[PDB]
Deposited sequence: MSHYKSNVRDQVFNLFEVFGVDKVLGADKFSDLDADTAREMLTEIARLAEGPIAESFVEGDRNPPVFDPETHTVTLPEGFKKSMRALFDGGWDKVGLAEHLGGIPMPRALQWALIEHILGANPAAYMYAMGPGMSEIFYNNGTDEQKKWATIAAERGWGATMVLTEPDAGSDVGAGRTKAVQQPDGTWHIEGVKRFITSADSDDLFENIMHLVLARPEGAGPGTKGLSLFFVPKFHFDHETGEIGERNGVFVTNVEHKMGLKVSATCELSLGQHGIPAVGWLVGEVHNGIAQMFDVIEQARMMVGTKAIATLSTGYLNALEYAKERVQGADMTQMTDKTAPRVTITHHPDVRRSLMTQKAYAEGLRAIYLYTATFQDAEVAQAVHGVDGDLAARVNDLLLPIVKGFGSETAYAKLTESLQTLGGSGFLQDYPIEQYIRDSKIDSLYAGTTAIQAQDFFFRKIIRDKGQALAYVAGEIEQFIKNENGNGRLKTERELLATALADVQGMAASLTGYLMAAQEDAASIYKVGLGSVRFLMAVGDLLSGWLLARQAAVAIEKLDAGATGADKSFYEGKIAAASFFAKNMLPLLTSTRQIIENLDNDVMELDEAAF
């Protein structure tokens, strides 16, 4: 039972902070009320803590085994039993479109439900993303393809996203897998893809939809020349869904990884074994990179939310350990060798550690749920008063924060969780070292942190003309401008907001200097990740302070018992974060204001 959930904080964000319940029972969510949403969260949290978390250790210690002659993978039995628990509850259809068998709901509620699976056994959610992919295929498909997507969703087929090649990882546009058009309008896909998650999955599903980027013969170069293809593991009857002949797409290797071991990560060979890999052009148009980014956006949201879910259960494990571990005397009695021994939560450095973990875990939860409130036009209208166009641009702005800042932060603060256990934290008997291993990948797949920071600056700020950024900054400034019990926190936030504004101005400055001296663009690259992390810190501190303001109101109204303790912890967290994390942004702004190209001019031989 490694997984420790936090429904209370989820509901606090969804209802008391963001007001997502304002849309429940109205319009698209007419048949889902606030009580039902709360019961779903409790239900999936309990299932996550039980049957899903049950095989978390098994999947790591008894990982999938590859048979290279059948080109298939065997998963451990306990993990497949967790997968069936997921399917039997319908949790592979959270927020799926109603016409595909789904229950309509705000994306903020959907991601909070998913948080529990990602905290308990994140590879289980990844294997279960087939219906979500069926829905993207549906939205992008022809009328006839929409009929296959409906079948795939109803039969619960698995799915993969197939981009990476050995020479084309960050540079997707360099891929050489090719597509050869047939007279009847299908295509034959030829190439080897690498690092494909779930490319085989034992007997979990009756079929797998591979969504494959490939370059049609004679198409131009880069990502703009790529097309997206529906390549099923098995041919099937397009009218009934009955499974047919094996299609020419075969796993030829399974990687040995640091963590996330139960997710089979596969070399995938298309058309290499003398059987054609038939693919159907998605939507029967050539628009591959744009179509595939519908998938990439969801994957990046998932990876950020995965890292955040894992830091949260890492923190709650550390806290429960610390509450019970007796070691040493209180610091006020450190010289008295007969003083009473105390539990380690009495020690300042452990409280520092735990509050650092708490504030980042909770601030990150607020960030991904805040981000999700812009993913439905109706939620964004009802809770923020912003129209659909700006909501989409704000969601797109925040996705690289959820992914890049979420993955980096969670991994770094799990170091504090492990440390809280002392030497025991190094044992596989406790789950934190596996949290660390399982979460290292989140800075890498779905685009590395450097790729997230480059997306954030060039596409989500500059190409956006700063409109989404200016929107969020205006909300932060409005909080600062508005009791004086948060006076010191608002002053710290004001300094941090000006620090980030100063970073944006410097980086924009280097970009405009590149009109005259091309090399000046390198300074944007030097400072981009630090800027992305600074915006994440500023958002964490703002959202914690918002949570603190709500908590003050609820305490003033007369909260008691466990509610009172919860609200007290929000005040302490927002105050701790403002005073210990935000001021570092000032030094980071001055560092960014002084970047230079010395490190770019250095001979490679001098490293």
Numbered from 1 on the deposited sequence, the unmodelled stretches are 1, 484 to 486
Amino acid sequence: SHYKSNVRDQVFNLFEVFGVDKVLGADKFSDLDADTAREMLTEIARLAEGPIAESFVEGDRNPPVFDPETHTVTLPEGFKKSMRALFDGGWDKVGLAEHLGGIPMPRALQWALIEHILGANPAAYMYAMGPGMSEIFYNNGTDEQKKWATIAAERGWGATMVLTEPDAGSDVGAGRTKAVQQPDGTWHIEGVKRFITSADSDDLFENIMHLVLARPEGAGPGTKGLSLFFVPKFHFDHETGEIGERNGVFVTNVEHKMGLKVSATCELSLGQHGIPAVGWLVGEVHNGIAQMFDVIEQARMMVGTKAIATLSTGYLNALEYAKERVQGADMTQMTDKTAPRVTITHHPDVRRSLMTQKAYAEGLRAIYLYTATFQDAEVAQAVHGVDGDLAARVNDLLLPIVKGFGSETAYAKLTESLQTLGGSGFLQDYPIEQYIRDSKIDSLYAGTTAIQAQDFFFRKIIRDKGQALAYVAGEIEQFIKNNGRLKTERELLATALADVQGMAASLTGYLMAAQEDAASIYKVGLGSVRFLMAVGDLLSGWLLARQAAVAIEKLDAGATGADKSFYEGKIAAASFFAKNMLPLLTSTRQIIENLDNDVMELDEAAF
From here on, numbers count along this sequence of modelled residues.
Counting the other entries of this protein, is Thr164 left out in at least a third of them?
no
Third-or-more of other entries without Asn483:
yes
Between 24 to 32 and 42 to 50, which has the higher average C-alpha B-factor in the PDB entry?
24 to 32
Which has higher Cα B-factors on average according to the PDB entry: 308 to 316 or 510 to 518?
510 to 518
Top Cα B-factor in this entry, restricted to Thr409, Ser263, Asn139, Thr371, sits on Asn139
Name the one of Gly447, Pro104, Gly248, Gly259 with the greatest CA B-factor according to the PDB entry.
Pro104
Lowest, middle or highest third - CA B-factor, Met581
lowest
The third of the chain into which the C-alpha temperature factor of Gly561 falls is the highest
Check where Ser575 lands among this chain's C-alpha B-factors and tell me if it's the lowest, middle or highest third.
highest
Please place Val212 in the lowest, middle or highest third of its chain by C-alpha B factor as given in the entry.
lowest
Position of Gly59 among the chain's modelled residues by C-alpha B-factor, lowest, middle or highest third:
lowest
